[PDB]
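# Analysis of the macromolecular model
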Amino acid sequence: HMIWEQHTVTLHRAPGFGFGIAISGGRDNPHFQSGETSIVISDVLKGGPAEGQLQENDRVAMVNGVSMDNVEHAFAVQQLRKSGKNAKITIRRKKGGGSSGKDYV
């Protein structure tokens, strides 16, 4: 009924965009009413290097081999900022579940 689809995207900084995303969440500041402490894509800039590659509400699970499980918001931001021309970001996308009439098979 609910699945989480996971994959890794490599993002390339564009000068004038950085990686072209905003992130919310963290244990200090859950982005969710539920209290979920996940790091989330909260914005993808039109024309930026992340467009067509990520969507708002994608859970960030890992950034260049460092886990984003129940971390400080500031810790997630620093990891992305610390990165060179590329960020390999593992994300998980929620499909189906709760309201949708979808079953995955």
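Residues numbered from 1 in each chain as written, not as in the entry; some residues may be left out. Heavy atoms only, no water. Residues with missing side-chain atoms left out of burial classes, pairs and counts.

Method of determination, as given in the entry header: X-ray crystallography; reported resolution: 2.35 Å.

This next bit is on the side chain of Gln 79. Mapping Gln 79 onto the fold places it in helix α1 (residues 73-81). By relative accessible area, which is 15% here, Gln 79 ends up buried. When near neighbours in sequence (up to four residues on either side) are disregarded, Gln 79 contacts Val 63, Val 66 and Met 68. (Helix = DSSP H or I, 4+ residues; strand = E, 2+ residues; numbered from the N terminus. Buried < 20%, exposed > 50% of the residue type's maximum accessible area, 1.4 Å probe, protein only. Contact = heavy atoms within 4.5 Å.)

Counted according to the given criterion, the structure contains four salt bridges. Among the salt bridges present, the one from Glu 5 reaches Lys 95, with a minimum N-O distance of 3.4 Å. Of this pair, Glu 5 sits in strand β1 (residues 2-12) while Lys 95 sits in strand β6 (residues 86-96), placing them 90 residues apart in sequence. Among the salt bridges present, the one from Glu 72 reaches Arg 27, with a minimum N-O distance of 2.9 Å. Placement of the pair is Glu 72 in the loop between β5 (66-67) and α1 and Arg 27 in the loop between β2 (21-24) and β3 (39-44), with a sequence separation of 45 residues. For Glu 72, a relative accessible area of 30% translates into the label partly exposed. For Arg 27, a relative accessible area of 42% gives the class partly exposed. (Salt bridge = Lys/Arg side-chain N within 4 Å of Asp/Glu carboxyl O.)

Inspection of the secondary structure assignment puts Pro 49 in the loop between β3 and β4 (59-63). Its relative accessible area of 22% is what places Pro 49 among the partly exposed residues. Separated by 34 residues in the primary sequence, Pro 49 and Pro 15 place their C-alpha atoms 10.0 Å from one another. Once you skip the residues sitting within four places of it in the chain, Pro 49 turns out to touch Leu 11, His 12, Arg 13, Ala 14, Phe 17, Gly 18, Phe 19 and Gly 20.

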